[PDB]
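Below you'll find only one chain, the form deposited in one PDB entry, shown as structure tokens.
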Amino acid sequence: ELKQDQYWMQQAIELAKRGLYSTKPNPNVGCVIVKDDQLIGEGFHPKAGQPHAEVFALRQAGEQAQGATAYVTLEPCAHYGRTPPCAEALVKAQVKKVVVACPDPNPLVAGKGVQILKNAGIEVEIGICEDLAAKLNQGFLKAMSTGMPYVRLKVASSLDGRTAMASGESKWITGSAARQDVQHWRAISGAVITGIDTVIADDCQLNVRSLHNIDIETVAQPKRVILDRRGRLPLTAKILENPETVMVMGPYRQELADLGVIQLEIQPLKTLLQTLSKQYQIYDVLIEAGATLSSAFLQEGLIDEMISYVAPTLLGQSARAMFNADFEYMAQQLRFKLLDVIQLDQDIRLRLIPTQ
């Protein structure tokens, strides 16, 4: 009966995943309506500006929603935003019970939806499959509760922890399946951060161009954030193809204004992350940068999760180190907790969380 609740929530968790690339800055939310042990309404949130999962499920439910039980992965909202309050829609639909996975992470609003629900004499349960549900909105839950984005760092290295022989060669040690995987990480990110070096060396794009069974046009594209402190970004760079989705931290440049590039002031990495969240509503950040900037992020403790692609090759000791720090003692190691390792054809990928 708790297990019954958990079963229904998991369904809502699965529906929530259906807007994964298209919801940002809004969260992923799923909702099921259950009447007499029967599924009678399903909804997810497809896109910021569109109806919330609850609205879509209640539409399906119809007058049948009366006395039913709604399961929603995130507390139903109580405030008008782009759309009306779900708490009220659920009051209007005259449901018996609401089962919530994640309370609203915004502490100014946490419980407000519950309060409306409880005052309408609707019973409420919170925390069911919270852990699983929270995996749907790592950036969102983090940013709304702490003001900082969830930051993922992508690194690609050899078996022996190296990335290149020489810099600026644009050589690849990882294969195409790993390329495909990177797309997923970009597609859930509000921004992809890199340093001018990568741009100059690689003419990289850092956008989302192919995801299996999804058309590009449905994807809420990450902003491309370039850290360019000396303003050496050439106007010819492929990244400037879609200038509206480019941010550039570096000296004010009139030529970049004329293209509509967002120009950010030079600020500490930590502050940059704060600015992206607060000003631009970027809650998921991905770093795809060379060793210096990657190492800086890691050493400044700014990485929530490292996504490490390892190619089955040895580059040898004089090849470029993936990580630039000069540690003297074993006690100085940056240890991580391993989440999982998967195979991507010839490469593997690890996801790693800092420990303390």
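In case it trips you up, residue 1 is the first one in the sequence shown, and so on.
Q: Going by the B-factors listed in the PDB entry, is the mean over the C-alpha atoms higher for 74 to 82 or for 224 to 232?
A: Mean B over CA atoms: larger for 224 to 232.
Q: Tell me which stretch has the larger mean Cα B-factor in this entry, 239 to 247 or 279 to 287.
A: Looking at the recorded C-alpha B-factors, 239 to 247 comes out higher on average.
Q: Taking the Cα B-factors listed in the entry, which of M322, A53, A68, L293 comes out highest?
A: Spelled out: the listed residue with the top C-alpha B-factor is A68.
Q: Among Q183, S176, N213, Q274, which carries the highest Cα B-factor?
A: Highest C-alpha B-factor among the listed options: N213.
Q: Against its chain's modelled residues, does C31's Cα B factor rank lowest, middle or highest third?
A: It belongs to the middle third of the chain when residues are ordered by C-alpha B-factor.
Q: Taking the values exactly as deposited, rank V341 by C-alpha B-factor within its chain and report the matching third: lowest, middle or highest.
A: Bottom third by C-alpha B-factor.
Q: Just say lowest, middle or highest third for the CA B-factor of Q205 relative to the other modelled residues in its chain.
A: Middle third of the chain for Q205's C-alpha B-factor.
Q: Rank-wise, by C-alpha B-factor, drop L350 into the lowest, middle or highest third of its chain.
A: For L350, whose C-alpha B-factor we compare with every modelled residue in the chain, the answer is the lowest third.
Q: Check where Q254 lands among this chain's C-alpha B-factors and tell me if it's the lowest, middle or highest third.
A: According to the entry, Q254 has a C-alpha B-factor in the chain's highest third.
What comes next is about the form deposited with a small molecule bound, which is not displayed.
Q: Does any heavy atom of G168 come within 4.5 Å of a heavy atom of the small molecule in the deposited complex?
A: It does not: once the small molecule is placed as it appears in the deposited complex, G168 has no heavy atom within 4.5 Å of it.
Q: Whether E300 contacts the small molecule in the deposited complex should be assessed with a 4.5 Å heavy atom distance threshold; does it?
A: So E300 counts as contacting the small molecule.
Q: Is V34 one of the residues lying within 4.5 Å of the small molecule in the deposited complex, judged by heavy atom distances?
A: Outside the cut-off, so no.
Q: Using heavy atoms and a 4.5 Å limit, would one call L269 a contact residue for the small molecule in the deposited complex?
A: Yes, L269 lies within 4.5 Å of the small molecule in the deposited complex.
Q: Though the small molecule is not shown, can you say which of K278, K118, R229, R82 has a heavy atom within 4.5 Å of it in the deposited complex?
A: Contact residue from the list: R229.
Q: I need to confirm a contact call. Of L58, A68, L293, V310, which residue comes within 4.5 Å of the small molecule in the deposited complex, counting heavy atoms only?
A: Of the listed residues, the single hit is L293.
Q: What stretch, of 239 to 247, 119 to 127, 221 to 229, 253 to 261, brings heavy atoms to within 4.5 Å of the small molecule in the deposited complex?
A: Heavy-atom contact with the partner occurs in 221 to 229.
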